[PDB]
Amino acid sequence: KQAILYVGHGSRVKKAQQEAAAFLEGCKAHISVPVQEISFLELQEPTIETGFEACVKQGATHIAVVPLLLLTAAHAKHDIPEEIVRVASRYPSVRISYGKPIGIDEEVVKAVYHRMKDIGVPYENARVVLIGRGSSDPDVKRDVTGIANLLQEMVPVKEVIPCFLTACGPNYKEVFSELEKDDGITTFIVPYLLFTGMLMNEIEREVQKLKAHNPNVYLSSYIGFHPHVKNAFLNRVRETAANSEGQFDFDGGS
């Protein structure tokens, strides 16, 4: 009766494909839903069309589409819903709900906290610099700032500075330029990313460059598919499947 359709954005890097597929597969045992299919927007199969049609072929009357996204931008608002309407037009009797990106969640703040703790340096009254990819969509900066504020409330750090690799300000290179000082305050750098790659490597090199000026700077590993990220995503899945007020009804559009 009920189905879950997981939708990742997809990758062409084999390791990223494998990690995303394995994560979504391991999610299934935590959800009491008989029909569950994984799919990806781009670059990686099963396609969204394939997964939706598989759900229908297994007899699903209700499909909960849950996007595996850290933040809310064009993928969550447009590309994925567009693919959903394209495939769903062929099955008008099937009810669809559509979930939210992870966004501002206490579990993800805990994931950031454990990445900080992994460095093994005291974090009390330390500065945190939270680097997101960035986007021209203001919701992305808004959500990263919200995550910084939640971290500020939950962990006794001096401050959390959200900044970005591209598209919106402040740029992380500007923050870095202002941190060449070394005033005795410890600064942790947390990359808010699901995968490694070119930008993560750039962050690594720039942190080396910064450490040449200020030795009290420590880069954590990127967040990745941390257990607390898994908790937050399972929260998204469960709330989308319950859809108790119809707030996740998939209405034609975005």
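Start at 1 and count along the sequence shown; that's the residue number.
Tell me which stretch has the larger mean Cα B-factor in this entry, 22-30 or 223-231. Averaged over C-alpha atoms, the B-factors run higher in 223-231.
Please compare 33-41 with 183-191 and name the stretch with the higher mean C-alpha B-factor in the deposited structure. It is 183-191 that shows the higher mean C-alpha B-factor.
Which third, lowest, middle or highest, does the C-alpha temperature factor of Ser97 belong to within its own chain? Middle third by C-alpha B-factor.
Quick one: classify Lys15 as lowest, middle or highest third of the chain based on its Cα B-factor. Highest third - that is where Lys15 ends up once the chain's C-alpha B-factors are sorted.
Third of chain Cα B-factors occupied by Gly169: Within its chain, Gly169 is a highest-third residue by C-alpha B-factor, going by the deposited values.
Can you work out whether the C-alpha temperature factor of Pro122 puts it in the lowest, middle or highest third of the chain? Highest third - that is where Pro122 ends up once the chain's C-alpha B-factors are sorted.
When the deposited Cα B-factors of this chain's modelled residues are ordered and cut into thirds, is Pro67 in the lowest, the middle or the highest one? Lowest third of the chain for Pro67's C-alpha B-factor.
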